[PDB]
């Protein structure tokens, strides 16, 4: 034991794609002597049914004591209509908030030679390599007042200066290690909170003169991200806009089953697919495990500094996608078979 991991499989396809990532981690552990140890803990729907709440105390303790969390998606029709304070999705929010993981990193990269897998023509998809840095613990997701009566409902989009500054800082540090361009995304032409966001990111950027800074309104950014995506490096934005733009960015490599994420901040870092619990395909052994696998690759790199191992996983996934694509990308490889293709390539390298 010198790599300590909390595994939180979730609901629907969550446990299916998470098991696939685990077989990749185990294969790497044995091949490399990583000294991996992990414990599995209930989370989401599975936790509501067993403990009455989505993020129970033994799961919080497992999270606190691990060096990293490999997380599966939560949610489904089974839990429709729960009091909000115990919904599977509120447990996910609590996870994020209790560890103060304010920086959500969502990369979208179109692998050379896989441009054809996109719904868009190859010239738009070619070369795409974008990093969305989404503010994860603030904005409308956590703001108060919030509630609902018979006549109306209300939620508050709000940000303070230090919340914007700390996410902006992460996006500049990231850009400095990439291609030194940040686009900051807001609705400053309509909303006081966008004006505030913009001005604060402008101030932070004065601390990073080596990084080019551009602003776009969220509606134009959505259009640009599908017409000119190759022209973007880092994209920094608030909680809700980052959620929308990151599901949108899946159309670049061509499916939502491809996109990984890392959530970083004060406590235990969390690695998880962008995608949800996909109840329409759960139980059919077809869910694309690429997001989960690449999330384990982000864990290797960011939580454990194992950059070269992360790159080997990524390359093994890109070859498996070219060779035996899963059904969401027009191919026939189920979860188990795709995962075996990834392992074969790993072992060959």
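Residue numbers count along the first chain shown, from 1.
A.B. asks: Do the CA atoms of 114 to 122 or those of 265 to 273 have the higher mean B-factor in the entry?
C.D. replies: That would be 114 to 122.
A.B. asks: Mean CA B-factor: is it higher for 288 to 296 or for 43 to 51?
C.D. replies: Per the PDB record, 43 to 51.
A.B. asks: Which of these, 96, 187, 176, 146, has its C-alpha atom at the highest B-factor, as the entry lists it?
C.D. replies: In this record, 176 carries the highest C-alpha B-factor of the candidates.
A.B. asks: Please rank the C-alpha B-factors of the chain's modelled residues and tell me whether residue 208 sits in the lowest, middle or highest third.
C.D. replies: Highest third of the chain for residue 208's C-alpha B-factor.
A.B. asks: When the deposited Cα B-factors of this chain's modelled residues are ordered and cut into thirds, is residue 307 in the lowest, the middle or the highest one?
C.D. replies: For residue 307, whose C-alpha B-factor we compare with every modelled residue in the chain, the answer is the highest third.
A.B. asks: For the chain shown, is the CA B-factor of residue 151 in the lowest, middle or highest third of its modelled residues?
C.D. replies: According to the entry, residue 151 has a C-alpha B-factor in the chain's highest third.
A.B. asks: With respect to C-alpha B-factor, does residue 139 fall in the lowest, middle or highest third of the chain as deposited?
C.D. replies: Lowest third of the chain for residue 139's C-alpha B-factor.
A.B. asks: Among the modelled residues of this chain, does the Cα B factor of residue 69 put it in the lowest, middle or highest third?
C.D. replies: It falls in the bottom third of the chain.
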